[PDB]
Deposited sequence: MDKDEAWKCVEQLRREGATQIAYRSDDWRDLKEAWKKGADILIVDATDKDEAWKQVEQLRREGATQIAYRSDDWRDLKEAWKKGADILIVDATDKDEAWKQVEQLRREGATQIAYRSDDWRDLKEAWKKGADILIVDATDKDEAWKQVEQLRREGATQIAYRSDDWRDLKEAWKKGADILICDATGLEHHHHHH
């Protein structure tokens, strides 16, 4: 389970940029404090409690993920620096980015499996573009496209360290170890 996730951080550290761990427990995120800690959306009462708990602990790059910008704005208020708009509906996603940008959100991230949706999010204000690899093999191609477009903070989400390493080589600067 989380032990597979852990073996890969091991390999990514060994291989040398920024590592992020997605996690539901806040201790695990701490034990892992991994440079970017992604508090996972599950009982917003507990999530906001982990952002808060991490902020007090001095954790420096706190991220929160949601499909709802209102939840992201709340997380931001409570100490999250990085606000991950989770796109599965394409157009309603770009709205979350747009709304957050209006609210003055500093580090908006956008999760998608399609580099063109990522490119568009980028234009609308997403500074962190997360390429979601679950058809793992191919997904570096998206990193490459975004690199070419001039995106400067490309993230790659994968449960496999070899794939993370390849993404990194194709220009991903944030490697998200996501083994649920």
| item | value |
| --- | --- |
| Deposited positions lacking CA coordinates | 1, 18, 36-38, 186-194 |
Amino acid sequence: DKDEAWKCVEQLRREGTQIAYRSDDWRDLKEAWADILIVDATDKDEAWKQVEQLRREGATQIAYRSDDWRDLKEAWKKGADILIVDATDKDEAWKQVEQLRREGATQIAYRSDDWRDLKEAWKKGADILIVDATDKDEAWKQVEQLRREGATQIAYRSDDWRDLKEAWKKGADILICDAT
From here on, numbers count along this sequence of modelled residues.
{"query": "Which of 107-115 and 56-64 has higher mean CA B factor, as the PDB entry lists it", "finding": "56-64"}
{"query": "Stretch with the greater mean C-alpha B-factor as recorded in the entry, comparing 3-11 against 170-178", "finding": "3-11"}
{"query": "Member of 144, 28, 127, 132 with the greatest C-alpha B factor (per the PDB record)", "finding": "28"}
{"query": "Per the PDB entry, maximal CA B factor within 98, 86, 81, 91", "finding": "91"}
{"query": "Residue 154 - Cα temperature factor, lowest/middle/highest third of chain", "finding": "lowest"}
{"query": "Entry-reported Cα temperature factor of residue 34, expressed as the chain third it lands in", "finding": "highest"}
{"query": "Ranked C-alpha temperature factor of residue 160 among modelled chain residues, by third", "finding": "middle"}
{"query": "Ranked against its chain, the third holding the CA B-factor of residue 48", "finding": "highest"}
{"query": "For residue 148, the third of its chain into which the C-alpha B factor falls", "finding": "middle"}
